[PDB]
Each structure stands twice: as C-alpha cells, then as structure tokens.
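Per chain, numbering begins at 1; letters A, B, ... match sequence-line order. Values below: all heavy atoms of this structure, side chains included; hydrogens, waters and symmetry mates excluded.
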6 protein chains.
Amino acid sequence: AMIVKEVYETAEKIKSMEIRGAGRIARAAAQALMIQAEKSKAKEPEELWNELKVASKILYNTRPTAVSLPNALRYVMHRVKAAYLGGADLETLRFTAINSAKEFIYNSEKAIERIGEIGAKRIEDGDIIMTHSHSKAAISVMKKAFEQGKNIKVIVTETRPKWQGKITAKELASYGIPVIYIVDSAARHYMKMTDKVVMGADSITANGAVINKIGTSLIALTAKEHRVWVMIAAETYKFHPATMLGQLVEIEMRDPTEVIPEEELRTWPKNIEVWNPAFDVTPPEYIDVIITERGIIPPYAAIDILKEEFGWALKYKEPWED
Amino acid sequence: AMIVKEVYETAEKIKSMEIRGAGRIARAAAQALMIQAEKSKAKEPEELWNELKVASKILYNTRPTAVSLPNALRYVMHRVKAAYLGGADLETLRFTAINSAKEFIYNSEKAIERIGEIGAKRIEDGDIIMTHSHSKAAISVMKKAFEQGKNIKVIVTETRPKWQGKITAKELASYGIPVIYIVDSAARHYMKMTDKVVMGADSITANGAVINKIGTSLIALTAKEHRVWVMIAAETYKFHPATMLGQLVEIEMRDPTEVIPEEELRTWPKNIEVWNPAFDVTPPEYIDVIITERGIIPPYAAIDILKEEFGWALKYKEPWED
Amino acid sequence: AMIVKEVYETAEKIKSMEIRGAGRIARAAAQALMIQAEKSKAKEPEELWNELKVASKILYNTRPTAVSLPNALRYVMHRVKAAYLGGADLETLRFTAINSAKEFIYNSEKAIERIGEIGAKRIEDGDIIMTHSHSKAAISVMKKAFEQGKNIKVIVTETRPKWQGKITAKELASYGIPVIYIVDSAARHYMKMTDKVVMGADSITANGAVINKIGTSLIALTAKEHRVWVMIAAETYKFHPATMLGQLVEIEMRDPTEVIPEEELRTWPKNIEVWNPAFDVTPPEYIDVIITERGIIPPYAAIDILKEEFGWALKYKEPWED
Amino acid sequence: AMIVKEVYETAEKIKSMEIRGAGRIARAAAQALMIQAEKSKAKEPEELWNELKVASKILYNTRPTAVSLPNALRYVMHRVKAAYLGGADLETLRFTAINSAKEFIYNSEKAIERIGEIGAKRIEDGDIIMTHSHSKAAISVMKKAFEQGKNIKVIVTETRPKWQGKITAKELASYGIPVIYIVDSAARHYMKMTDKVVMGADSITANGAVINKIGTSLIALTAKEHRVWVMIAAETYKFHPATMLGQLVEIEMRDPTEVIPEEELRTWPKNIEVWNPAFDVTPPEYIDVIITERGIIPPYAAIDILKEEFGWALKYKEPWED
Amino acid sequence: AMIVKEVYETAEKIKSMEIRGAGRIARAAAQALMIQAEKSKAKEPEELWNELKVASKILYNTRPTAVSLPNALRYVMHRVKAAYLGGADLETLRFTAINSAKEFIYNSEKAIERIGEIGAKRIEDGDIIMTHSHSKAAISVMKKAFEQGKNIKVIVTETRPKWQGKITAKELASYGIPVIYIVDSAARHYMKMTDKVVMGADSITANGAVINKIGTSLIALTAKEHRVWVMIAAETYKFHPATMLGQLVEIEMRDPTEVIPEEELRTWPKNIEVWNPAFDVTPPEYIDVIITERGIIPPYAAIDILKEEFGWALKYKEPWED
Amino acid sequence: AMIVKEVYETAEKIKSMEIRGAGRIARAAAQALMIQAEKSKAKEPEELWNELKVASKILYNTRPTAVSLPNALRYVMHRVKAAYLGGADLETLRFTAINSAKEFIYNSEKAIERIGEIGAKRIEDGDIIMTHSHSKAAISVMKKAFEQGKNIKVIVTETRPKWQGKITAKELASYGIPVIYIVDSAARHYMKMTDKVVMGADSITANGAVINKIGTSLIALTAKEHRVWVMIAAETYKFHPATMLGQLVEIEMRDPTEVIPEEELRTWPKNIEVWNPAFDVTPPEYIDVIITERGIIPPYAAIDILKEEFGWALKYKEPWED
Ligand SMILES: Nc1nc2c(ncn2[C@@H]2O[C@H](COP(=O)(O)O)[C@@H](O)[C@H]2O)c(=O)[nH]1
Ligand SMILES: Nc1nc2c(ncn2[C@@H]2O[C@H](COP(=O)(O)O)[C@@H](O)[C@H]2O)c(=O)[nH]1
Ligand SMILES: Nc1nc2c(ncn2[C@@H]2O[C@H](COP(=O)(O)O)[C@@H](O)[C@H]2O)c(=O)[nH]1
Ligand SMILES: Nc1nc2c(ncn2[C@@H]2O[C@H](COP(=O)(O)O)[C@@H](O)[C@H]2O)c(=O)[nH]1
Ligand SMILES: O=P(O)(O)OC[C@H]1O[C@H](OP(=O)(O)O)[C@H](O)[C@@H]1O
Ligand SMILES: [K+]
Ligand SMILES: [K+]
C-alpha cells in the first residue's frame, strides 16, 4: 500500500469524467505516477517500485477503452522496471519515474501541436468542417487552419449523452472560429454542405479500426456515402498494441443515469433498460487518413505504427505485473 | 373573419408542439374546422364559407413539413367548396364541413389500426426492432405484433432535440413491450443486433422519399448497410401531392432554444449559431417497404398512391384560396 | 369426404418432389381438381362442392413456398365457388371445375411460350448465360434464343441438394445448346465471363423480392457485383397476393436426408444438425427485370401485377374455405 | 413512289445530324409527313395512304436510337391509318395527316415548356447544375429556373465527338446564364461542387433505363457516387414501347470520321479501329427522377407511362406496314 | 536419378488429394525430402544434391495453387543449396536436408497452434461462425475459442465437389462443438444469423487477395454485404512471393469426374462440358483480417509479410533449379 | 546567375508541353542540370552551386503537379549540396552534378523497363486493356505483354483536351498491337468488354491516391463498378514526399485555349468560363495495384515507399533553397 492521495483523486476524476479526453487522461495518469514518486517516503528501491506497481494498477482499472491510458502507464513503467531490474538505487529509480513521466507529458503536448500543423495542410480556405465530441488533436487541426487565415466554419455535433459538443463549440468560438451547433441526428442532413470531417481517437486497432466517441461511426459512414474526407487526428500512443495479437477492445458501458437523470429514470417502467456505450467502432474503409505526429497514414498502415513502436513489448507481461 | 377561439388554440398548440405527430396534427386541424362550423354564427353560406377559408389558412400556416395537415384541410375543404358552389344553403354547408371533418378523423383512426394489422405480419417472433421519434403508425405495428404473442424487444432512440423517444419508450413499456433506450448516436452500434427498423413519416414524395424526424435518414442508411429491413408505417394522407409537379418539401427550422435552453443559450457567444431542422429526407434506396392502410408497397409506388388519389386536384387551386 | 385416389397420388408426388417446378406443380393441382370433378360420384352440388373444398385443402398443404400452387387452386375454386353460390346444379358445377382447370393449364403453357419469346429478345448472339435450378420459364427463354440462331452457351449450376442442374444440363444439351456444368460454389469465379443471368421463380412478393431455389440470391448478388443482368422469367401466377397485406412467405425446410443420405446420416453424431432450406429470398435491388407473359417489368412493378390481377380476392376468404 | 422533295431533304438532314436532338427530329419527321400530305397530287385515298406509308419508312430508316422519331410517325399514322380503314375520302385523309402532324408538333412544344416549369421547382437558388450534350428539355428546366430569379450556374460538358456542349454553352449564355465549360473527362473532378445534374433522353425503356448521348451514364454514375440528384427531363414520347415486349434499343454507331477527321484518319495504321457510339445506357439506379410533361416520376414508373399511353398498339403491326 | 519410393508415393497422394489441405501438403513435401535424404545411397555430395533437386521438382509439379508447397520445398532447399555451395561434405548435406525439413514441420505445427490462440480472442461467447472447406488453421481458431468456454456454434458449408465440409463437421463435433451443416448455396440465407466468418488459405498475394477453396469468395462477398467479419487464418508460408513481381496464381482445374462420377458422366452428351476449378480468388476488400502466427494484419499488409520474410530470395532462381 | 540557354529552353518546353509525360519531364530536368554543369564557366564552387540552385528553381517553377520533376531535381541537388558543403572543389562539384543527373536518367530508363516486365505478368492472353492519356510506364507494360506473344487489344481513350490518346494509339499500333480508339465519354460503355485497365501517374500520395491525367478517376470509378482491375504503372519517383506531412498536391489549371482554340474562344461571350484542369485525383479504393520497378503493391503501401526512400529529407529544406 502507501499510495499518495493524488493517485486516488486522479483515479476518481478519470472514472467520473471530471478529467476526460484520451490524451488528457493519459497525461493525468503520467502526472499521478510522477507525484507518487515525488512524495513517496520509500526507504528502499523495492518499496517505491511496489508503490508504483500499485499506483499503476489503480490508474489502469479506471476506464478501459482509451489505450492512451495504459500506453502512458507503460511509457513510465517499462523504464522504471528496467531501471529497477538493472539495480538502480532509490534516488535513481525515483528520478527514472519522474523523468519518464515528464517525457511522456512533454511529448504528448508536442505531438498535439505537430498533429495540428500537419492536418491543417489538408484544410482549405472556405472549408466547412464537421467534427464530433471534443478532441484536442482534432481541435489542434482546426485551430491551426484558422490561424493560417483559412476562412473556415465548424459544424459541431452535440455528442450525447454527455454534451461534449458544448465544450467544443465554446472552445472553437473563443479562438474566433465560426461554429454551427447541431444535434447528432442532423449529421447526414448537413453532410452535403460539409467539405471535411475531422475527429479524434481513443484507440486505433491493428486492422485500422478507430474507436472514438459513440456516434463517430455514423458520421464516418455518411461522410463516406457523400465522399467527404474523414480525417482522424491521433497521437501514436492512441494505437493499441494488444490488437496485434487478437485482442478486442472493451467498449465502456457507462451509467444509465448519464443518459436519463436519476430523478427521471426511477419513475420509468422496469421493462425499459437504458444502454450507454461510450464509444463505437469505425471500420477502416470509412477513414481516409489518420494524422499522427509523425505524418499522414492510411488507416491500414496502423499495423506499421504498432509493429515498429510497440511490438517488442508484447512477449512481456505488463510492466506493473508481479 | 369571425374565427372561434378553438381554431386559434389549435393553431398555437400545433406551432408549439403541444399537439404533435403528423396524423394527430391532421386530426386536430379537421376537428378545429368541425368546431368552427358547429359554432359559427354566420347567417349566409358565403359568410360560413369565408370563415372556413380563413380558419383553413390559419391552420395551414402553423407547420409546413407534414403534408398530413394540408391533406386534412383539403379533405374537408374540397367537399365544403363543392357544396358552396353547387348552391348549398347554410345548414347544408355547415353539415358538409362537420361530416367531412368527422370522416377524415374516423378514416385516420381506422387507417392506423389497419397499418398495424398489416405491418405486424412482417414482424416475427424474437425480433429486435429499432424505431425513431414517436409515430402512432409505427407503434400500432409494434403493439399489434406483441398482441399476436410475438416476443419482441424495441430499441428506441432518444430523438433529440425534443426527446420524442421518451414518449415512445414509456408508451411501448406500458403495453408490455421491453424497451432498450439509446442515444441517436448509438444507432449504428446497435444495428448488428437489430432485425427490423420501423419508423413513421411526415411526408412521402412522388419519387418515394420519406421526410420524417431529424435522424431518420441516418438510421435508414446504416440499416441498409446492414441488410436490416427499413419499414415505413404511413397513412395515404402522408403522401405529398404537390411533389408530383416538382414541388420541394420545406424542411421546418425550429427555435434554437429547443436545442440549447434560453438561459444557457443567451450566455453563448454570437459566433455560435444553433441550427435546428425538425426533419430530414431519406432516399427511396434506403427504404424496403411502406405500410399503408391499403397495403405494402415499394417506395417507388408512392407515385401510384399520388396519381389515383390526389392527382385530380392539381389542376385546381387550394380549396381554401379566394 | 369422397376424394379420388388421383388427388392423393398428386399430393404425395408434390410432397416427395417426384413432381416439381412451380408451374408444373400448379398444373398438377389443377389437373387433380379436374379429375376429382370428372370422377365424383356425388349427386347433389353441395356434395361435389364439399369434395372440391377438401381436395383443395389436401393440395394446398403439400408444399408451402411456391404460390403458383394456391394461385391455381384459386383460379379454379373462385369460379367453382361463384357457380355454386349462384345455385348451379350438379353438372354445371362439375363442368365449371373441369373447364376452369383446363383453362389454367392451357394458359400456363401459353404463358411459358410467350415468356420465351419476350425473354429471347434480351439474349444477344454470343451470350454466355448463367442459370440456376431447373425452371421451365427460364429454359423457354434460352431454347427460343437458340432457335433464333443466336450462338449461346449456358452455364448450369449444380443446384444442391437435389441436383436440379443435372435436369437442366441434359435438357438444354438435348436441344443442341452447348452447356457448361459447374458446382454452385463456382458462380462467382465464372461471373466475369457471364453476360446474362436467367432464373425462374416460385413466388414474387409485393415489394419485388423473388423467392426461388436456395442459392438464387447468391447468384443475383455477385451478378449485380459484376453488372451482369439478372432476369427472372416468371408467369403472373408466381406473384404472391397475400404479401400485399403483409404476409411473409414461408421457406420450406425439407428432410435432412436429401442432403445427407440416411445410410450415412445416422452414423453422424447428434451434435451435428443438417438444415435444408429449399428456397431463399433475392431482394429486388439485385433483379434487373421480370419477364412475364404480359411483358418486361422492373421488380418494383410486381405490386401492379398484384393490384390488377389478384387484389380483388383479398377481401374474401380462400375459396376452398367454409 | 411520288414522294415530295421535303421528305428526302428531311431524311438526309436527320442522317447527317444537320437536324438533331430527339425532340427536334420527331417534330421534323411530323413536319415532313405534313408536307407530303399538303403537296401530294394523289387522286385517290389509296394513293395518298401509300405515299404516307412510304414517306414514313423513309423517315424511320434514318436514325434508330431515339424512339421519339417512330413515336411521332406513329402519332400521325395510327390516325391516318384508322381514317383510311374507316373509309375516309381523299380530303378527309389529307386533313387527318396534316392535323395529326400539327397536333404532335404543338404538343411537343407545350410538353417542353411544361417540363421546364416542373423541373425548375427542383432547382434551388445558388445551385450549380451540371448538364451533358444539348437537350431542349434540360435547357427548358435551366432556363425557367433562371427566369424565376434563382442565381444558378451551369457546368456544360463539351460532349465529344460532336461538340454539343458548345451549342449548350452559347444558348445558355445568351439567356444570361453563367456557364462553366469543361471537357467530358472533368465531370468527376467537378461533381463535388455540383448540386444537381439535369440531362435529356432519346429513349427510356420499360425497366427505367435512360438512353442518351454517349457519356451520360458516366456522369450519372459519379453523380450517384457523390449523392448529386440526377434529373432526366423527358417528354412522354421519349418512352420506348417495344421494350415492354423485350426489345433491346439499337445503339447507333456513327461514322469514325466524326471522331478523327478523314484527312487525319487515312494516315493512321490499319490496326487502329475508331468506334463511335452515339449513345449509352444509364441504369435506373443512377437516376433520381424523370421529369415529364405530366409530372415527376421515379425511373421504375416508366413501365406505367408505357402501359397507359402505348401498350394498346403493341398487338398491331406498325401503322406504316403493308 | 535415384529417388526413393516415398517421394513418388507422396507426390501421387498429393495429386489424388489423398493428402490435402495446404499446410499438410507442405509438411508432407518436407517429410518426403527428409526421407530422400535419410535413405539416399549417394556417396558424393553432388549425387545427393542431384537427388534433392529432382525430388523437389517431382513434388513441385503435383498441385500448383497452394504456395505452401513450394515455400516448404524452398525452406529446405535454400538451406541445402547454401550448404552444398559452401563445400559441405555428404553427411553435412544429408543432415542439413533432414534438419531443415524437421524444422519446417515443427514450425508449421507451432504456427497453427499460435493462430488458434490469436484468432480465438476475436471469437466472443455466443458467436455463430461460418466456415468453408476444411482448414486446420481455421479449425484451430474455433477449437481454441470453444476450449476457453465460449458457447459457439459452427455453420459448416458442404464444399462441393469433394465434400470437405463433411470432414470439418465430424472433426468439430468430435471436440464437442455444435455444428450446423448446410449446402454451399445456403450461405447467404444464413449470413444474417452468422456473427463471424473464419476460413483458411492456400495462397495469399502481394495485394492481399486470398486464393482458397472454390466458393470462398462467394461467402466473403455476402459476409461483407452483411457486415460480418471475414477472418482468414493463415500461416506465413501461405504468402506467395512470386506475386510481388507480378506473377498470377494458377487456379488448379481438376478432373471432371470429381464432380460427376465417371459411371454417370460417360452417359452424358458431348455438348455438356464440366468445369471443376478447385479454388477461387477473394479480393482483399472483402477480408477484414488475416491471422498469422505473428499477428493480425489487414489484408493490405500481406506485402509486408512478403517483403520481410521472402523478398531476399526473388533475385535468385528456385533453389532446386540448376 | 549565368544560366545556360538549355535550362531556359527546357523550361519553356516543359511549360508548353512540347516535352510532356511525367517521367520524361523528370529526365529532361536532370539533363538540363547536367548541361548547366558541363557548360558552366564558374571558377569557384560557390558560383557553380549558385547556378545549379537557380536552374533548379527555374525548372521547378514550370509545372506543379507531377512530383517526378522535383524528385529528379532533388536526386541531383541533394548530392550536389552534400558535395558543396563537404568542401568539394569546382571539378568535383561539377562531376557530382553531371553524374547524379546521369544516374537519375539511367535509373529512370531501367525502372520503366522493369515495370514493363513486372506488369506484363498480370496481362493474360486475349486481354482487352483500356488505357488513358499517354504513359510510357503503362505502354511498357502493354508492349512487353505483346512481345511475350499474348494477343492483346487496347482501348485507347482520346484524352481531351490535348488528344494524348492519338499518340498512344499510333505508338501501340506501331509495335503490332491492335487498338480501338474511343472518346473519353465512352469509357463506361466499353468497360463491360474490358479485362484490365492500365494507366500511369504524375504523383502518388501518402494515402495511396493517384493523381494522373484528367479523366483517370472516371475510368477507375467505372472499372471498379465493373470488377475490372485498375493497374497503375508508376516509378518510385512518382511518389510524393510532401504528402507524408499533410501537403495537398496542386492540380495545374492550364490555358483555356487548349480546350477552345483562341480564334473560336474570342468570339464567345464573357459569361462562359472555360476551366481546364490537367489532372484529377483517383482514390485508393478504385486502384487494385501499383506496379513499381520494385514490385507490385496495394495503393495503401504508397506510404512505405515514401518512408523508406524519401522520408529522411523532410526535416531538411529543398536542396536548392538558400
Ligand atoms: N468490434 C471490434 N471490431 C474490431 C476491433 N479490432 C478490430 N476490429 C475490426 O473492425 C471491423 C469492424 O467492422 P464493422 O463490424 O463495424 O462494420 C472488423 O473488420 C473487425 O474485425 C475491436 O476491438 N472491436
Ligand atoms: N424474408 C422475406 N423477405 C421478404 C418477404 N417479402 C418481402 N421481403 C423483402 O425482401 C427483402 C430482403 O432483403 P435482404 O434482407 O435479403 O437483404 C426486404 O426488403 C423485405 O422487405 C418475405 O416473405 N420474406
Ligand atoms: N443495353 C441495354 N440495356 C437495357 C435496355 N433496356 C433495358 N436495359 C436494362 O438496363 C440495365 C443496364 O445496366 P448496366 O448493364 O448498364 O449496368 C439492365 O438492367 C438492362 O436489363 C436496352 O435496350 N439496352
Ligand atoms: N485472379 C487473380 N487476381 C489476383 C491475383 N493476384 C492478385 N489479384 C488481385 O485480386 C483482385 C481480384 O478482384 P475481383 O476481380 O475478383 O473482383 C484484383 O485486385 C487483382 O489485382 C492472382 O494471381 N489472380
Ligand atoms: O415454374 P418453373 O419456371 O419450371 O420453376 C420455377 C422454380 O420452381 C422450382 O422449385 P422446386 O424444384 O419445385 O423446389 C425451381 O426453384 C424453379 O426456379
Ligand atoms: K460479366
Ligand atoms: K449477421
């Protein structure tokens, strides 16, 4: 045991979505391991190692679907583990954890700035862009395009149940970007006036499928019907290593009361069930490009990003297992 | 000029959606004419006739998209106009208005029952049915399938911005039918487990397109993707005669405060526009059948229903114009 | 109650597929009703009427999927019933039965000849044609185009489990048409070289779907994939009136021993089940035209054949019912 | 014999395409029969009848693909024939021919004006319309839309080999309509900025296929890919009766030297063949509506226009055969 | 010149399909080369080298379509050839042959086990799986998912003309997996109820096409129609190196008497030809993933398996050539 | 600053299309640098270097869309820049420019031959091949197929506005190959009889899209519709490196007088604009393979060619910028 309160508070804030967005959650988890190592009262390497193992498990068991979270945890603990097994002493192990965490956080920020600069080259002056949910990676693209002087407009879908569209609409409007807010249902009706679709990712699989906020796959479907480019802005740590060896991504089922508030739901007949999937799966055929910090790829090149950057680890257990 | 308060009240309630659903609005318009004729203090036929024309205009000018409304007005008013011009006296004209209105209302009730009987024969034991918005015609189908003892389950989409799915869920649950409630964005995600889609219509056009609650076209699109039958339950007075001669159906744009309540919306910046189309257009390639009170048709036979039942009137002006 | 042995022979032969093919089965039922009438030793009209109702039920209950059978029984019995109810005497009723039967039989032959003539105009010199099962209407198209001097070749699919393709291969070779015989599985491999697909039908529904020998829909699907014309050759009595009011066509499931001979099947373990659907459903989007004895139609005009030839009868009970 | 020179000159001008456009050719053929009857020196009904038979055959054997030509001929000669067989005398037969011709010509003009008014309701302010070849029916639609004050632009495809696009571009520009001229190859590249496609027809078949100028089917294909409405403006006399009974429309193969001028072609190697099909076939699935003078139809309703207006004649020989 | 009888037995058994299945055939060829080496009575290395070149040619020339066979021969002979050319003595060369053969055989077994493990993670409790032919790699996926406690059912297609489905049905039943056996023609009818499709492969090409038992491509086509996952279970030695430099894979045509027994076939007329393709080509757009022993890939990454595992060898002649 | 006349002449000829075809233009640009270095009167390395940079800019600024040009310039100029900066003397820098240019030219010639050899293996005896514009790479494929004795016929599309098909027709005829010449609009009409499509490329992008002569995308579209293979013959220097980082490829808009000659065009009204894009974009879903000098790839592996061969240079500015 001996876990710092910031670890428990971060885990709780991921679970409740007080902190959300797959990148933000990954950085928050890195930031928690960092604070555990900063404040630990461990005397021994053995002790701190075991704390970080435990902190890591607590953070992993918060929300399952966005692989950014375990990838952040892995980034920090592959390096902490290797230091430990190599015989590092207390302060060397501590610094390894703190510095790996800071590396992940810095690289996450840079990757998003770079995704914006790359994706903005695909955005043309006059473009109407449709988006979904709230993705910092997607917003980075739209924001850089606007800063380049391209006169754009963003159609923002409200993204039920949690209303993520409101966040997006207000953020974009605050940079000076003109916004059209519509309900999710209206996505097809307005796909004809749309030039480009720019969305985020929580996990991208080996076969090129993108797992993102519920409703994503519908927008991609009708963008494809209408020949509107579907561009997924996503960091390489959105790529899902275990899909290489056949693993299915768990789709997170969140609380019914996030759809129908508890005051109302309790009055409803028992033979109504409310189902609240937080994500869906978009097949690669409905995706034109994935914009990563290292460049544009077709969706079927996702296996390459995973082979080159993640494959080596799959013959090992997780770096926080005993 | 001497218009009774019920005509005004009916109209206000149509505009505000306190009275809603295509068939219901049609019935209420006929009723309101019925009441104008029952309570008229007119002493001459010309004077009654003039009241019925003005009331028809008030009722016509409430909500555009659902052709059931003008079709109801025409049902009554063609018969009223023929009687006025053939020399009917006051009491004869009055009765023609009342009785035509009654016929329209009664025929509407029977047509929804018959649609149920016919559609229910396409529902099989164990079917998972997805629906959208709240359609009395679609519900008649599902209710009758259940009464025949077929064990069905209905996936009900929330139907933002007005939350029509709530109505549908509770109504279907009340008859004994299990319901799964989902946000609109989840319709693709659950199309794999769906056997049948059953929705209603506000207007059906000469080439077989169905105009229905915003989001309908998305559900039909992914249904077709998945080889799930799309059935549209629709009375013959949902068919739109002006489309035979090239008319485009106006899609109603409703208040943005139905999407974002006024308190919230006034705090938003000027450069976010909220757009709130109440309907969309589903093309005929994504519809398998239309279930009318006269039987099952491919959507491409919408023209036949229009020719044989409404075409005759297209050489004439509206039966309420001077 | 006094049913001649020929009715029972006919029913048994229909059941075992010793008599088969939708047109033939229909003709045999009309034949059976004719012989019941000829050989009846009834003395009063009611006693003959009872025999004919009962013989019709026996015939109707043999094989459910091809509607040609009940359309034949109806052709006769509508006429017999109307005669009986107008107070027809015994010999008048007898002869109505016999003459209505003869007339269905003659018209069926003529219809098949005329489908031949109309269908052959769509076959072009040099054409390679793929067929499925053994359909006398389809063979009529092919035999006629060859008689006009067009150098055609026909690809005959084996049509498991009953090997219908063997019947078709031998018949077509017998007229001097060169045949390529292939297993069903090869239909896609050879679709590239196929110019036209020509198949029959057992029932055609109000929305334009064609129910025909199991496998038909696979062939139509890859035909449409390859932009190869799919032409269905079908008499007007293959159109299914009950589908206008929502009825589903029942797919006959036949004995598993037609797939795996009993001698072999009883050695197999109990946890292997053999499913033997005799028909499948091809949707109308994969059918280019239906060739009837009255002309070429798009599949979507099946509802017109039905409205015009059969819809009158739907408001009544079956003419063999009490 | 005894055919007036205007018959030979008209036939020659159809063959050389000095007169072209399916409507114009049909009116020209009517106008020729008219002038034969006006100027004939026949003494006897028998004589004039036989002249008109012969005039008719000369006109029919000019160009095969646009059924407007035989339909015009039929319009005149069904009535001339019936008069003759009914015993009409010389001047009565003469007037029957002259008046039938004038009827056809007047109705053709009205049908085109009416097609424009109907189709223009489908054109929206701001629309970019793409067209192909030169169709008076299509131009009628675009012209009426512009006269209504809709700010439109027409993308005109050049329509090789004969450059019909130039005619269209100059005609539209002369009404004040802004035009973009592009090569045929550029149709896909500009389909994204296109709102609507409006083209003509030479023949429309029973199954809903449209035969129009070579390249039509490509534009329809990519309009369908991009969800751009394909609207075919066409008079009911563009509908092809013999397709009801299985007839394939001949695709006219015009002279190689219309593609490669003779001065150049003679210098080319003998193993180059130039193929010059004047038309192609557009499947109904790629057509949204057909706009006739009697209203909007889906393409699959073409069989109805043919059943109701032309079927009765198919059991007779042509009205100019012996 | 001195080839042991086991090489000839193996070749004959491959030819007659007494030994069959792409992996098995490959293992048997490696086995045959091993035994030639063990039993050789050669005294010099050149004499053994000559025997092994010749035995390889004998084996290569049995059945052309499955590349597993030449990839096995290559695995051994590349190694044997390199040993020979480095001046290996007789026993060194013998043992290189024997040990290279053993090693291909062991790795093949391991690969199939591991495909099982990786593929099983994509099968979910409750799944209905459709397969085709008899593939040990596909069966490995299915047997493992069942061993993990997932309640699956498998739909086995008959796989004419050789009835491979019987082998598969009995094998799967033997492990306690419930089986539904159907004719090939029924694959579309039952695709609605199928959750996953899992098949093997004989060769996989550089652009991602899968050549497998005749019928495979029909199944994949209607699977994609219905949004059912198509998963191909295939060892890395099913990838076809020669296709990287443009080679087409030859489709074996086998004896017509495998379709129609000789006893029956010689009674048939000469103008019926029986075509018996053993394989067909499924394009990569209809394949969701390939499961190899090194992981899951999109079909489009077949070129990477090839570049990385085999492309080195392409600049040389076959290792059994002179 | 002292630029030789050949650099200027080369540039004029590129702009005017007296020199055209992607590979040819690349070769001519390398040649022009070669000549500048051969004839330079520079006395210092800096001075030569400056000449080569200015010449590179002049050559770069001729025509945008075909990346072969800048790729050729880079080939030479990277090597020149590395030599300048590593201290090379005048004669060493001169030779580096000459010899790099020679290598590029020689490698281009070999690559087109190799592409022929590889592509020709996908062409089968009796194939009808459709091509578009004039591509040396595509022609190498067809020429080699013929030399192998495969009896092929080539459908050559006219390729307006510049009539490139004329060149193609005459060239292919000269080698012995029969040709059918058609207008671009006829490509769909003849896609039924086509076995293979073989075209070239000007640029291939990171996601697998091919930019090629205007109209290419239409032919690929209807080819896919028809299950006709679309093969793109393209050297690795057709691959576009800037697209890895989001760059959009500029489509060249050429003089309208290439479409309508100047004499005609000046007589046209102001409100006709002639638009003349020289290229379009074909998406990767409509391409089956790309045939490079290193082998056959799916279009989705374009990224691999870009990564391994061009990616290294993207951190640096152009090797001709100051
Ligand atoms: N549901 C799901 N599909 C996945 C996953 N990883 C890859 N896929 C692939 O994503 C595709 C989904 O296609 P769909 O079924 O949505 O139309 C399939 O090809 C499937 O094999 C995963 O974790 N979950
Ligand atoms: N299974 C079935 N489908 C029918 C019947 N009548 C009409 N259909 C129609 O056939 C089509 C089947 O399309 P599929 O689901 O096979 O892709 C649907 O449009 C459905 O409405 C019937 O009796 N059975
Ligand atoms: N070529 C041709 N097709 C016709 C004609 N009449 C109807 N069709 C129909 O038009 C469609 C053409 O489809 P496609 O082969 O172009 O993709 C087919 O369904 C065919 O049966 C005709 O005269 N010629
Ligand atoms: N028939 C055949 N197709 C191959 C082969 N290698 C790759 N392919 C590819 O397989 C695909 C076949 O698609 P289909 O024509 O069956 O619709 C094409 O994209 C083609 O380029 C081969 O050896 N044979
Ligand atoms: O009426 P005709 O055109 O001969 O055949 C129509 C259809 O009826 C047959 O069914 P079965 O063999 O009786 O099960 C075949 O499926 C055939 O296509
Ligand atoms: K074909
Ligand atoms: K399914």
Side-chain angles (χ1 to χ4, degrees), chain A residues 111 113-127 137 140-142 144-145 148 150 195-196 198 206-208 220 223-234 236 283-305 307-309, chain F residues 64-65 67 203-211 216-218 220-222 224-225 232 239-251 253 277 280-290 296-318:
Chain A
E113 187 179 0
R114 186 90 204 103
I115 285 168
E117 278 142 32
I118 292 170
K121 292 188 219 164
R122 295 266 140 145
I123 304 297
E124 293 164 272
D125 177 50
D127 272 359
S140 188
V141 175
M142 293 175 272
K144 186 58 169 227
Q148 289 163 346
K150 294 159 176 176
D195 299 295
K196 316 276 160 68
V198 179
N207 96 303
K224 174 54 68 175
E225 187 196 11
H226 278 88
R227 319 297 307 181
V228 171
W229 306 356
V230 176
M231 309 197 285
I232 297 307
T236 58
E285 70 177 299
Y286 302 154
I287 289 145
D288 297 292
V289 296
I290 304 170
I291 304 151
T292 76
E293 72 280 7
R294 299 201 279 94
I296 296 293
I297 57 157
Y300 308 105
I303 183 55
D304 285 294
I305 297 274
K307 264 153 100 159
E308 91 203 356
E309 261 229 34
Chain F
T65 301
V67 78
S203 300
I204 304 186
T205 79
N207 86 311
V210 177
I211 299 167
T216 295
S217 76
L218 272 170
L221 170 64
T222 185
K224 168 55 57 161
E225 178 191 21
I232 302 296
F239 293 68
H240 201 310
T243 70
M244 295 190 61
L245 292 177
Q247 192 79 233
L248 288 185
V249 181
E250 179 181 4
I251 303 295
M253 298 302 294
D280 71 19
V281 190
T282 301
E285 63 168 300
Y286 308 148
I287 295 152
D288 301 295
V289 304
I290 305 168
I296 295 264
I297 57 168
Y300 306 110
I303 189 61
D304 281 308
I305 296 314
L306 284 166
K307 274 163 108 128
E308 89 202 0
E309 282 226 315
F310 301 100
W312 71 271
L314 293 176
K315 58 178 143 298
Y316 309 92
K317 36 156 165 152
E318 293 301 352

Using atom types as modelled and no hydrogens or angles, find all donor-acceptor pairs between chain F and chain A shorter than 3.5 Å.
unit_1: F:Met244; atom_1: O; unit_2: A:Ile296; atom_2: N; d: 2.8
unit_1: F:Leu245; atom_1: O; unit_2: A:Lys121; atom_2: NZ; d: 2.8
unit_1: F:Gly246; atom_1: O; unit_2: A:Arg122; atom_2: NE; d: 3.4
unit_1: F:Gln247; atom_1: O; unit_2: A:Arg122; atom_2: NH2; d: 3.4
unit_1: F:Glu285; atom_1: OE2; unit_2: A:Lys224; atom_2: NZ; d: 3.1
unit_1: F:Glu285; atom_1: OE2; unit_2: A:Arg227; atom_2: NH1; d: 2.8
unit_1: F:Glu285; atom_1: OE2; unit_2: A:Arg227; atom_2: NH2; d: 2.8
unit_1: F:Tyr286; atom_1: OH; unit_2: A:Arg227; atom_2: NH1; d: 3.1

Looking only at heavy atoms, the pair that brings F:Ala206 and A:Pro298 closest together is O-CD, 3.8 Å
Using non-hydrogen atoms and a 4.5 Å limit, figure out which bit of F:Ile303 sits close to chain A: side chain, backbone, both or neither. side chain
If you tally heavy-atom pairs under 4.5 Å against chain A, which of F:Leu248, F:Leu314, F:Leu306 wins? F:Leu248
Considering residues at least two apart in sequence or located in another chain, which fulfil the side-chain contact (heavy atoms from CB on, under 4.5 Å) criterion with A:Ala233? A:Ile115, A:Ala137, A:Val141
Can you tell me which portion of F:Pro299 sits under 4.5 Å from chain A's heavy atoms? Options are side chain, backbone, both or neither. neither
